[PDB]
Amino acid sequence: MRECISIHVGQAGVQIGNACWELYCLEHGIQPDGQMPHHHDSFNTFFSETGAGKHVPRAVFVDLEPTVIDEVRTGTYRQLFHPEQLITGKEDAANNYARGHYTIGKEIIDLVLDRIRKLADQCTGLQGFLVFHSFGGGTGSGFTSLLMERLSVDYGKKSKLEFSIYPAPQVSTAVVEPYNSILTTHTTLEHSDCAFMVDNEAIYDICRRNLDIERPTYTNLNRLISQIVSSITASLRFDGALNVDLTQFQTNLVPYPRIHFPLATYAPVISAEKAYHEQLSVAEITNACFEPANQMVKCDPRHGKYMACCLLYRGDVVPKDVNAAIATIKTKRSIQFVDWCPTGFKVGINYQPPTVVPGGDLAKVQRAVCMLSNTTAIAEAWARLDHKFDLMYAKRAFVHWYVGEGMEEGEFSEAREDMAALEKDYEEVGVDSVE
Amino acid sequence: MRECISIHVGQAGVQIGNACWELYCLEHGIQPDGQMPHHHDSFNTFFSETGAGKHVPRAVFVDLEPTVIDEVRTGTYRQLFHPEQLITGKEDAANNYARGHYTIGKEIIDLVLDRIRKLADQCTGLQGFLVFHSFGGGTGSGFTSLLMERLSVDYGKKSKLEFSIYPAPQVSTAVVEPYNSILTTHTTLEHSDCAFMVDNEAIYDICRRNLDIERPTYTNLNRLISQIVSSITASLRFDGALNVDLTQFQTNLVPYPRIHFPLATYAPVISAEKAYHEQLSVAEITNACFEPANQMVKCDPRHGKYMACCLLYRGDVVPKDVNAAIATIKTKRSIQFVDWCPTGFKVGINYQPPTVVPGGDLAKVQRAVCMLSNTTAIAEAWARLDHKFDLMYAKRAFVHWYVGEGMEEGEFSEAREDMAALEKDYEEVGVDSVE
Amino acid sequence: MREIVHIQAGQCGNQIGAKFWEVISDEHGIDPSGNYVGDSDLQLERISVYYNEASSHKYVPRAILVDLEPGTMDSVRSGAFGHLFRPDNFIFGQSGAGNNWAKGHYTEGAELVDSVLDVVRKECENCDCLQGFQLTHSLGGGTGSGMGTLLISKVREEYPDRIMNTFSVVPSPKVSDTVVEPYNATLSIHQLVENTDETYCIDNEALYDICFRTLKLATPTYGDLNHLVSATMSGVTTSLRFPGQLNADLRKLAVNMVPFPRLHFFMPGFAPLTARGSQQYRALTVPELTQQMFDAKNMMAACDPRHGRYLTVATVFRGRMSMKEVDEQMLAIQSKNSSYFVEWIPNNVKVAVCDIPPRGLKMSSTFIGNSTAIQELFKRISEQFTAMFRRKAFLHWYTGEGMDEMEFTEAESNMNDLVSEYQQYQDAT
Amino acid sequence: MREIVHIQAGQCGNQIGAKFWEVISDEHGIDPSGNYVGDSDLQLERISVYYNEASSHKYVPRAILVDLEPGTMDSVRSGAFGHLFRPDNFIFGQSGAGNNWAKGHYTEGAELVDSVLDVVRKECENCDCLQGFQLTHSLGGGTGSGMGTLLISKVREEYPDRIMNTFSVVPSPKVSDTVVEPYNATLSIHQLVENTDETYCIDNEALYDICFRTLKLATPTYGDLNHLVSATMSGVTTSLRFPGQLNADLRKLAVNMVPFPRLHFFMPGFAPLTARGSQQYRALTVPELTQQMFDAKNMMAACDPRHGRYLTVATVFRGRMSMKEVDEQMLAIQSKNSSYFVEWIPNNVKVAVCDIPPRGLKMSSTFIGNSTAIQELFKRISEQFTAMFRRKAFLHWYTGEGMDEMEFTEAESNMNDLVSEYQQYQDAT
Ligand SMILES: Nc1nc2c(ncn2[C@@H]2O[C@H](COP(=O)(O)OP(=O)(O)OP(=O)(O)O)[C@@H](O)[C@H]2O)c(=O)[nH]1
Ligand SMILES: Nc1nc2c(ncn2[C@@H]2O[C@H](COP(=O)(O)OP(=O)(O)OP(=O)(O)O)[C@@H](O)[C@H]2O)c(=O)[nH]1
Ligand SMILES: Nc1nc2c(ncn2[C@@H]2O[C@H](COP(=O)(O)OP(=O)(O)OP(=O)(O)O)[C@@H](O)[C@H]2O)c(=O)[nH]1
Ligand SMILES: Nc1nc2c(ncn2[C@@H]2O[C@H](COP(=O)(O)OP(=O)(O)OP(=O)(O)O)[C@@H](O)[C@H]2O)c(=O)[nH]1
Ligand SMILES: [Mg+2]
Ligand SMILES: [Mg+2]
Ligand SMILES: [Mg+2]
Ligand SMILES: [Mg+2]
């Protein structure tokens with residue numbers, strides 16, 4: 001009845017999406033082939049119904065380099081996706097934002113838009129867009145800015161949430177990461193309602209320490225991030241004692257037009273052997289999720305102050321001890337909120353316990369918590385990325401690749417002054433002021 | 001309800017705790033795996049209930065060398081302890097107090113505090129801490145004085161009992177014992193409410209003579225000391241016609257803040273064949289425990305005077321012959337008390353007869369007594385230990401290991417004058433005063 | 001005769017109403033299928049006030065369930081007790097208000113109000129003689145607060161010579177469910193004070209304490225929390241639903257309680273509240289009933305009366321008692337607790353007695369006290385709203401959908417005036 | 001009518017009371033479930049004095065059991081005779097006082113004293129006339145002595161025109177149960193002699209000797225010990241629970257036996273005390289009963305009367321007799337033992353007779369003597385306290401939780417004054 005479409009860009013988006021649609025299909029009791037062996041609508045919001053028993057997702061997989069899509073085409077989930085939806089290019093942007101936004105990215109944007117328009121007109125209660133893209137990648141960063149500009153032009157006012165992958169401070173995979181990230185943030189700063197961040201090693205620390213796995217391939221990392229995404233949407237898909245809508249997330253988490261960069265967190269993340277020796281109480285998972293070491297971004301919240309928080313409990317949850325738990329959290333010393341926000345908690349409860357993917361690293365739990373924190377500890381991460389970009393650009397390194405591919409040094413100057421304005425606003429808002 | 005957490009430190013603490021925690025599950029009818037075949041709570045003071053039928057102990061095993069803990073992990077009690085609780089270092093302190101308190105001990109003390117704070121917040125009515133640490137070792141003495149500093153600041157005024165292992169007069173497994181013992185006693189003097197002393201050689205005489213055992217391995221010695229620990233906390237876990245608490249012990253046995261060094265004593269300790277020829281009456285186990293040869297510390301009470309006592313009966317005990325027995329004990333000329341304490345007895349009765357571990361040397365008894373004498377006779381033991389420390393330190397022997405590990409020669413003077421103050425204070429109040 | 005119209009807005013209204021119409025069905029002996037299965041004809045004596053006669057002796061409630069987000073309605077429709085409602089009444093929108101006043105008053109308020117007003121008019125014309133309106137909503141949400149204000153206004157020009165009772169769940173001091181509460185509350189209260197008759201403020205954590213402490217419930221869920229507030233709500237009405245020895249009606253309560261146009265914020269309370277195991281050791285008698293009502297602990301609003309003075313007080317008994325025992329005890333209460341009553345209204349106790357006891361109880365009572373302890377509730381909310389607004393936080397999304405700063409300035413000025421008059425009358429001589 | 005409130009503090013009070021309500025239940029014919037199963041109608045003539053009538057003829061005792069630790073209530077609640085108390089009364093803390101005055105009067109007591117006091121006011125609002133408070137506690141423990149005195153000072157503020165009796169358990173001269181007895185006891189008495197009307201001092205070894213030689217028991221547990229003190233405690237009260245030829249009550253005893261405000265420490269006693277085997281060799285008649293009580297052997301306080309003189313004496317008979325035989329013997333006792341009575345109180349014998357015999361006995365008696373021999377008990381306690389205080393032993397943990405040096409000086413300064421007047425009046429001419 002209320003519909004939201006999902007756009008996956010780059011290899012990161014496709015690989016995450018493969019793990020995300022892994023779990024949505026499991027949550028709704030749908031076999032991989034589209035058939036089936038609370039339940040009945042729910043699946044109408046994501047899985048459009050064909051006349052037969054087959055369900056097809058509202059997913060738009062787009063990439064320029066075709067090897068990753070050829071994997072998902074030949075994967076186990078071959079019969080689920082609509083064959084028209086999988087859009088492939090011929091060569092990728094090669095970590096060049098200029099290529100992926102000006103030269104080659106403009107020659108396929110018309111095809112993806114037409115598939116978006118066809119899918120949106122198919123639905124009747126369109127709500128918003130879910131974008132799964134990374135930041136370092138040339139096509140992930142290059143395409144997303146083009147799509148945000150194109151989608152916002154077509155649809156005037158709709159919720160536009162993005163599940164990005166924040167670049168790390170010591171873990172690195174590209175060499176032009178400071179160039180791609182700064183360009184991406186500046187262009188999409190005005191066309192993103194709420195963008196979640198995730199750091200790769202932060203899950204690696206979590207997977208190594210909390211769950212004790214010494215072989216965390218990208219499959220295990222994708223499984224953890226996939227769990228956060230579903231339970232955020234699970235309020236729309238499922239009934240609950242206190243339902244929270246996509247606008248409710250967007251309204252309750254964004255205090256300012258520019259400060260719309262929260263971070264995600266999930267709990268409990270414990271293993272199978274340690275499951276027996278734990279009681280899984282509501283009072284402690286509220287404490288466990290809020291613990292600084294469990295945050296899924298490589299930033300310590302103790303270095304800053306929270307500004308707004310949002311909790312989502314699902315399963316056998318009573319609103320009383322949930323009420324009690326937040327009361328003790330608020331009075332605790334380590335947690336400090338900002339002065340202009342005497343109240344900083346939004347609570348949503350759902351009756352559906354989370355499901356477990358077969359063969360997963362996590363253990364079955366009857367209660368789950370997902371925490372979305374908009375804080376100021378993110379500001380220290382922006383300054384660090386700004387420092388890296390300023391160091392590299394100080395002597396015009398790699399600019400010849402960018403300039404030759406349809407840019408000018410003037411555009412780099414404007415993006416630099418833009419991030420200075422965002423950082424100066426973030427610190428001045430977080431810092432206290434008299435009167 | 002009423003909660004107390006147990007910290008096991010060094011090889012002595014882990015080895016004692018293996019036998020000690022073996023007795024508690026026997027008392028509460030807990031199988032080694034966790035299931036079960038007076039009874040209703042009771043186990044809530046030591047066994048934190050998981051949602052299922054499994055019970056997990058409220059114990060924290062900490063060590064710097066992984067040889068002994070790995071035995072606990074691989075032992076028969078493998079499924080009981082919480083796997084996170086077993087904290088291991090990488091190398092031991094190697095009988096160096098400086099190492100376990102300054103250089104290597106400091107780098108791990110933050111990890112154990114995290115599990116202490118997490119476990120304390122889980123419980124509701126925490127009272128105090130039980131510490132099972134030795135004196136001659138490196139981690140058992142150096143690291144435990146750090147824990148007292150860490151625990152005391154977090155919890156201002158709570159009960160803190162250390163079930164120490166007093167170094168023996170002539171038996172000496174280590175060579176730097178006088179250097180270790182003097183240093184740890186000085187720092188823990190002001191942060192210990194009630195410290196129990198035990199001598200390893202004293203039990204050996206008890207086991208050879210009274211128990212008639214010629215192969216008293218450390219497993220046989222540890223079974224007998226475990227009974228003293230169990231009956232001290234037998235009042236919290238079980239009802240009684242005259243109950244005592246952690247505080248009741250702690251205020252009835254400490255006339256002065258510095259003089260808080262009692263010594264344990266258990267009765268009856270008799271063999272299986274000798275059981276038939278003994279009628280095991282209340283009027284004689286009171287007399288048996290008061291005999292000088294049954295004391296658990298190698299110090300004859302005749303050389304000194306008792307200052308305060310504490311009896312703890314359990315089983316088919318009636319109060320009429322109890323206070324009758326003490327009445328005859330008081331008038332006896334062999335036992336002498338101090339003038340300023342006209343009354344020096346405290347009693348506690350329980351309806352639970354002590355249990356016997358299978359295969360143990362002790363026989364089944366329907367009555368038991370534990371005597372906790374705070375006496376001046378232990379002052380002779382401090383003088384002997386101070387004599388050894390003063391002898392070797394005179395020419396500065398073995399000091400180069402300590403000095404190069406984060407100490408100063410001046411610091412040794414403070415610990416020397418500290419024991420000078422205590423040794424005379426113990427005598428000066430023990431001896432009569434003018435007017 | 002004297003028919004009553006029941007309106008529901010927001011998620012709370014539908015959940016409270018789900019428990020509400022459960023209580024009424026047991027009171028009137030109504031099967032879930034909708035057919036009479038009871039015995040006494042006394043229930044049939046006045047059945048048209050809430051229910052409606054239909055073909056083949058069927059009964060349908062006079063309820064109008066309406067909320068922007070559809071999610072609540074699939075629960076009430078698919079769940080039990082959904083075979084007796086009127087399918088036309090099941091009004092729902094497309095997208096929830098998103099905890100926004102603007103989306104509940106200007107964007108989605110337009111198209112939904114026209115539809116719901118149509119069903120009100122048809123329901124009113126079917127009615128023989130209208131008595132008033134009943135609206136259950138929350139002051140913290142977007143749809144319930146935002147649209148409920150719009151509905152209260154649109155109804156008001158349509159029926160000037162009528163009364164309505166709004167049973168609103170006023171936000172809590174200790175715990176706040178949503179981050180932007182003060183913006184929705186302050187705007188909502190300004191409109192309600194303008195164009196409403198009476199308002200029963202109710203808290204959540206105060207009813208949390210009552211369930212945990214008095215009833216000794218370890219896990220108080222929304223099922224038990226809403227069950228208690230329904231019993232108070234059923235008790236208020238049962239004066240005209242059922243015969244009694246000293247009858248009262250919604251018109252009687254409104255005039256006895258509201259001395260001034262701007263002072264109409266009440267505080268309810270219910271008694272007895274006893275656990276399942278501890279009911280055998282207590283004597284069900286009027287002395288303990290009135291004592292149980294008149295203590296701060298057994299109060300459904302989180303405001304201790306000891307910091308203020310009771311302006312007026314009501315008491316709607318149920319079951320069989322003596323007027324002597326009832327009014328002798330009101331004397332004992334008044335003499336002993338005289339320091340807590342306003343001096344310049346004498347005899348400020350209104351008492352009504354019914355004859356049909358509540359289910360599973362020998363007798364019960366409902367206490368509605370218009371006190372001066374609300375001044376501490378409005379003072380706190382105004383403080384929270386002030387600090388948030390001065391730094392201009394969250395404002396871009398109320399300005400971006402219709403409003404501007406003049407609405408916020410005037411709402412704050414009016415709320416300051418109301419708490420000024422509320423205090424200035426308490427401290428009058 | 002003339003109801004009294006029963007308060008239990010400490011472990012002893014709970015243990016004594018647990019068996020005290022045993023004997024009271026048999027007297028009134030009460031089944032352990034709580035329903036009347038007796039035969040004679042005279043039992044219900046005055047049943048409201050102790051028990052409380054409730055729904056379906058169930059009776060609930062007027063008891064308030066409070067302890068700072070949960071180790072005591074676990075026994076009474078889970079054990080038998082625990083299905084008839086009201087669970088609201090079962091007040092308990094979290095950690096015991098630990099044989100400390102400070103942890104029961106300053107630090108830990110204040111937290112829980114507000115809860116029990118609010119129950120006391122709520123306890124017998126149904127109760128229509130207070131006759132007094134009955135308190136059973138110990139003078140050696142922490143919670144029994146510490147907060148028990150705290151309750152006395154606070155309760156006395158709310159009910160100043162009322163009389164209460166505390167049935168304390170005064171410490172022993174041979175064997176001491178706790179090491180720090182004199183600090184706990186002396187600090188308690190300095191507050192007791194100001195806010196109480198009369199105190200019944202009871203020892204334990206004197207109870208041990210009686211249960212050894214007279215009752216022929218070699219191993220008397222605490223069950224067989226508390227049964228002896230319950231009968232004495234039930235004997236004092238039974239005057240106003242049952243009809244009698246010469247009735248008495250709590251107020252009557254206080255007038256006869258408190259000649260001066262500070263001299264209100266009594267010494268009880270019971271008779272007959274005979275073994276089951278040797279019960280056939282004695283004729284149950286008044287002659288031996290009066291002789292049995294007046295010897296030093298059958299006395300519940302370990303203080304030999306021969307070193308002092310009786311000031312005033314009670315003899316609350318039970319069963320049935322002729323007052324002539326009663327006063328024929330009180331004459332014989334007076335004439336033959338005239339050297340053991342004070343000169344400046346003529347006819348210092350108070351006698352009351354009831355009509356209901358104790359269970360399984362033709363006749364019995366209770367002796368209460370405000371004797372002067374108590375002066376030797378307080379002399380010994382003040383001797384032990386003096387020796388400990390100059391050395392400042394055990395004192396570093398009293399000033400550390402609220403007290404100081406000056407408080408201890410005044411408590412002993414007042415106590416030596418009390419023993420001064422307790423003897424100066426004996427030798428007064
Ligand atoms: N969490 C997660 N991150 C991934 C995964 N795969 C790639 N990434 C991130 O994606 C970044 C690589 O850029 P991509 O967006 O994948 O670029 P691409 O899809 O190969 O296409 P081009 O940008 O044209 O090279 C790396 O820095 C990784 O951090 C994955 O499986 N899981
Ligand atoms: N009663 C008893 N004492 C023991 C036992 N094992 C070791 N000890 C005592 O422990 C002392 C040795 O020092 P420890 O405290 O064990 O030192 P550690 O735990 O090995 O740690 P390091 O000093 O770093 O090597 C000896 O003097 C023994 O008296 C035991 O099993 N039972
Ligand atoms: N008494 C009671 N109050 C509730 C219950 N459920 C929610 N509430 C309150 O109602 C408020 C929810 O706001 P609503 O008006 O229902 O919002 P909604 O129906 O989800 O739709 P939106 O306003 O668009 O978000 C919360 O602040 C809660 O305090 C309930 O079951 N019982
Ligand atoms: N007559 C009688 N006296 C008892 C009994 N049990 C304990 N006592 C007395 O009570 C005293 C114990 O102190 P309590 O008042 O019970 O102390 P508590 O209630 O345990 O609380 P704390 O003082 O904090 O430990 C002892 O000196 C005993 O003489 C009993 O069963 N019968
Ligand atoms: Mg690629
Ligand atoms: Mg070692
Ligand atoms: Mg809603
Ligand atoms: Mg106690």
# chains A, B, ... in the order shown; residues from 1 in each chain; ligands from 1
>>> interface_residues(of="chain B", to="chain A", cutoff="9 Å", atoms="only C-alpha atoms", output="MDAnalysis selection string")
chainID B and resid 49:52 54:56 79:84 122
>>> select_by_dssp(residues="segment 103-238 of chain A", states="alpha helix (DSSP H)", output="ChimeraX atom specification")
/A:109-122,138-154,177-188,200-209,218-237
>>> residues_around(residues="residue 80 of chain C", least_positions_apart="4", cutoff="12 Å", atoms="only C-alpha atoms", output="count of residues only")
12
>>> select_by_dssp(residues="segment 178-315 of chain B", states="strand (DSSP E)", output="PDB file with N, CA, C and O atoms, in the first residue's frame")
ATOM      1  N   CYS B 194      38.666  -7.089  56.041  1.00  0.00           N
ATOM      2  CA  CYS B 194      38.883  -8.291  56.843  1.00  0.00           C
ATOM      3  C   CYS B 194      39.633  -9.308  56.001  1.00  0.00           C
ATOM      4  O   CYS B 194      39.072  -9.845  55.043  1.00  0.00           O
ATOM      5  N   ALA B 195      40.881  -9.587  56.362  1.00  0.00           N
ATOM      6  CA  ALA B 195      41.741 -10.488  55.605  1.00  0.00           C
ATOM      7  C   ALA B 195      42.000 -11.746  56.421  1.00  0.00           C
ATOM      8  O   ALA B 195      42.527 -11.669  57.535  1.00  0.00           O
ATOM      9  N   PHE B 196      41.649 -12.899  55.859  1.00  0.00           N
ATOM     10  CA  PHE B 196      41.865 -14.183  56.513  1.00  0.00           C
ATOM     11  C   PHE B 196      43.242 -14.719  56.146  1.00  0.00           C
ATOM     12  O   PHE B 196      43.645 -14.664  54.981  1.00  0.00           O
ATOM     13  N   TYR B 266      38.627 -24.921  61.435  1.00  0.00           N
ATOM     14  CA  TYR B 266      37.498 -25.777  61.107  1.00  0.00           C
ATOM     15  C   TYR B 266      37.474 -26.981  62.036  1.00  0.00           C
ATOM     16  O   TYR B 266      38.514 -27.425  62.528  1.00  0.00           O
ATOM     17  N   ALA B 267      36.269 -27.501  62.274  1.00  0.00           N
ATOM     18  CA  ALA B 267      36.057 -28.674  63.113  1.00  0.00           C
ATOM     19  C   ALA B 267      34.676 -29.258  62.845  1.00  0.00           C
ATOM     20  O   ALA B 267      33.719 -28.505  62.632  1.00  0.00           O
ATOM     21  N   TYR B 306      43.529 -14.284  72.713  1.00  0.00           N
ATOM     22  CA  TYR B 306      42.439 -14.016  71.789  1.00  0.00           C
ATOM     23  C   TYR B 306      41.866 -12.634  72.063  1.00  0.00           C
ATOM     24  O   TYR B 306      41.796 -12.192  73.211  1.00  0.00           O
ATOM     25  N   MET B 307      41.459 -11.946  71.004  1.00  0.00           N
ATOM     26  CA  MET B 307      40.755 -10.676  71.134  1.00  0.00           C
ATOM     27  C   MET B 307      39.279 -10.779  70.792  1.00  0.00           C
ATOM     28  O   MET B 307      38.459 -10.112  71.423  1.00  0.00           O
ATOM     29  N   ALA B 308      38.923 -11.598  69.806  1.00  0.00           N
ATOM     30  CA  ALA B 308      37.533 -11.827  69.448  1.00  0.00           C
ATOM     31  C   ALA B 308      37.438 -13.157  68.719  1.00  0.00           C
ATOM     32  O   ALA B 308      38.384 -13.578  68.050  1.00  0.00           O
ATOM     33  N   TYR B 313      27.827 -22.802  63.853  1.00  0.00           N
ATOM     34  CA  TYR B 313      27.338 -24.167  63.853  1.00  0.00           C
ATOM     35  C   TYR B 313      26.367 -24.368  62.697  1.00  0.00           C
ATOM     36  O   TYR B 313      25.813 -23.418  62.146  1.00  0.00           O
ATOM     37  N   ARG B 314      26.174 -25.626  62.316  1.00  0.00           N
ATOM     38  CA  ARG B 314      25.206 -25.948  61.277  1.00  0.00           C
ATOM     39  C   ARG B 314      24.777 -27.394  61.438  1.00  0.00           C
ATOM     40  O   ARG B 314      25.615 -28.267  61.677  1.00  0.00           O
ATOM     41  N   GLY B 315      23.475 -27.643  61.307  1.00  0.00           N
ATOM     42  CA  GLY B 315      22.924 -28.973  61.443  1.00  0.00           C
ATOM     43  C   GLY B 315      22.047 -29.089  62.678  1.00  0.00           C
ATOM     44  O   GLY B 315      21.434 -28.110  63.120  1.00  0.00           O
TER      45      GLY B 315
END
>>> closest_atom_pairs(of="chain A", to="ligand 1", cutoff="7 Å", atoms="only C-alpha atoms and all ligand atoms", output="JSON lines")
{"residue": "A:10", "atom": "CA", "partner": "ligand 1", "partner_atom_place_in_ligand_line": "19 (O)", "distance": 3.7}
{"residue": "A:11", "atom": "CA", "partner": "ligand 1", "partner_atom_place_in_ligand_line": "19 (O)", "distance": 3.3}
{"residue": "A:12", "atom": "CA", "partner": "ligand 1", "partner_atom_place_in_ligand_line": "6 (N)", "distance": 4.3}
{"residue": "A:15", "atom": "CA", "partner": "ligand 1", "partner_atom_place_in_ligand_line": "31 (O)", "distance": 5.3}
{"residue": "A:16", "atom": "CA", "partner": "ligand 1", "partner_atom_place_in_ligand_line": "32 (N)", "distance": 6.2}
{"residue": "A:65", "atom": "CA", "partner": "ligand 1", "partner_atom_place_in_ligand_line": "21 (O)", "distance": 6.8}
{"residue": "A:92", "atom": "CA", "partner": "ligand 1", "partner_atom_place_in_ligand_line": "24 (O)", "distance": 4.0}
{"residue": "A:93", "atom": "CA", "partner": "ligand 1", "partner_atom_place_in_ligand_line": "24 (O)", "distance": 3.8}
{"residue": "A:94", "atom": "CA", "partner": "ligand 1", "partner_atom_place_in_ligand_line": "24 (O)", "distance": 4.2}
{"residue": "A:95", "atom": "CA", "partner": "ligand 1", "partner_atom_place_in_ligand_line": "23 (O)", "distance": 4.6}
{"residue": "A:133", "atom": "CA", "partner": "ligand 1", "partner_atom_place_in_ligand_line": "15 (O)", "distance": 6.9}
{"residue": "A:134", "atom": "CA", "partner": "ligand 1", "partner_atom_place_in_ligand_line": "15 (O)", "distance": 5.0}
{"residue": "A:135", "atom": "CA", "partner": "ligand 1", "partner_atom_place_in_ligand_line": "15 (O)", "distance": 6.4}
{"residue": "A:136", "atom": "CA", "partner": "ligand 1", "partner_atom_place_in_ligand_line": "13 (O)", "distance": 5.1}
{"residue": "A:137", "atom": "CA", "partner": "ligand 1", "partner_atom_place_in_ligand_line": "13 (O)", "distance": 3.2}
{"residue": "A:138", "atom": "CA", "partner": "ligand 1", "partner_atom_place_in_ligand_line": "23 (O)", "distance": 3.2}
{"residue": "A:139", "atom": "CA", "partner": "ligand 1", "partner_atom_place_in_ligand_line": "23 (O)", "distance": 4.0}
{"residue": "A:140", "atom": "CA", "partner": "ligand 1", "partner_atom_place_in_ligand_line": "15 (O)", "distance": 4.5}
{"residue": "A:165", "atom": "CA", "partner": "ligand 1", "partner_atom_place_in_ligand_line": "1 (N)", "distance": 6.8}
{"residue": "A:167", "atom": "CA", "partner": "ligand 1", "partner_atom_place_in_ligand_line": "29 (O)", "distance": 6.9}
{"residue": "A:172", "atom": "CA", "partner": "ligand 1", "partner_atom_place_in_ligand_line": "27 (O)", "distance": 6.7}
{"residue": "A:173", "atom": "CA", "partner": "ligand 1", "partner_atom_place_in_ligand_line": "27 (O)", "distance": 4.9}
{"residue": "A:174", "atom": "CA", "partner": "ligand 1", "partner_atom_place_in_ligand_line": "27 (O)", "distance": 6.1}
{"residue": "A:200", "atom": "CA", "partner": "ligand 1", "partner_atom_place_in_ligand_line": "1 (N)", "distance": 5.6}
{"residue": "A:218", "atom": "CA", "partner": "ligand 1", "partner_atom_place_in_ligand_line": "31 (O)", "distance": 4.9}
{"residue": "A:221", "atom": "CA", "partner": "ligand 1", "partner_atom_place_in_ligand_line": "1 (N)", "distance": 6.0}
{"residue": "A:222", "atom": "CA", "partner": "ligand 1", "partner_atom_place_in_ligand_line": "32 (N)", "distance": 5.6}
>>> interface_residues(of="chain D", to="chain C", cutoff="7 Å", atoms="only C-alpha atoms", output="ChimeraX atom specification")
/D:54-55,60,86
>>> closest_atom_pairs(of="chain A", to="ligand 3", cutoff="10 Å", atoms="only C-alpha atoms and all ligand atoms", output="tab-separated table")
residue	atom	partner	partner_atom_place_in_ligand_line	distance
A:240	CA	ligand 3	6 (N)	9.5
A:241	CA	ligand 3	6 (N)	6.3
A:242	CA	ligand 3	6 (N)	5.7
A:243	CA	ligand 3	20 (O)	5.4
A:244	CA	ligand 3	20 (O)	6.2
A:245	CA	ligand 3	25 (O)	7.0
A:246	CA	ligand 3	25 (O)	10.0
A:247	CA	ligand 3	24 (O)	8.5
A:248	CA	ligand 3	25 (O)	6.4
A:249	CA	ligand 3	25 (O)	10.0
A:319	CA	ligand 3	31 (O)	9.3
A:346	CA	ligand 3	27 (O)	9.1
A:347	CA	ligand 3	26 (C)	9.0
A:348	CA	ligand 3	20 (O)	9.5
A:349	CA	ligand 3	6 (N)	9.8
>>> residues_around(residues="residue 304 of chain C", least_positions_apart="4", cutoff="9 Å", atoms="only C-alpha atoms", output="list in words")
residues 295, 296, 297, 299, 308 and 373 of chain C
>>> write_last_selection(atoms="C-alpha atoms", output="PDB file, in the first residue's frame")
ATOM      1  CA  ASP C 295      -4.107   9.726  47.998  1.00  0.00           C
ATOM      2  CA  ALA C 296      -1.429  10.888  45.574  1.00  0.00           C
ATOM      3  CA  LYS C 297      -0.239   7.348  44.834  1.00  0.00           C
ATOM      4  CA  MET C 299      -3.783   8.886  40.715  1.00  0.00           C
ATOM      5  CA  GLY C 308      -1.520  22.260  44.764  1.00  0.00           C
ATOM      6  CA  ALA C 373      -1.488  20.632  40.125  1.00  0.00           C
TER       7      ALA C 373
END
>>> residues_around(residues="residue 32 of chain B", least_positions_apart="2", cutoff="8 Å", atoms="only C-alpha atoms", output="JSON, numbers by chain")
{"B": [25, 30, 34, 35, 76, 77, 79, 80]}
>>> residues_near_ligand(ligand="ligand 7", cutoff="12 Å", atoms="only C-alpha atoms and all ligand atoms", output="JSON, numbers by chain")
{"A": [235, 236, 239, 240, 241, 242, 243, 244, 245, 246, 247, 248, 348], "C": [9, 10, 11, 12, 13, 14, 15, 66, 67, 68, 69, 70, 71, 72, 73, 92, 93, 94, 95, 96, 97, 98, 99, 100, 104, 137, 138, 140, 141, 142, 143, 144, 145, 146, 147]}
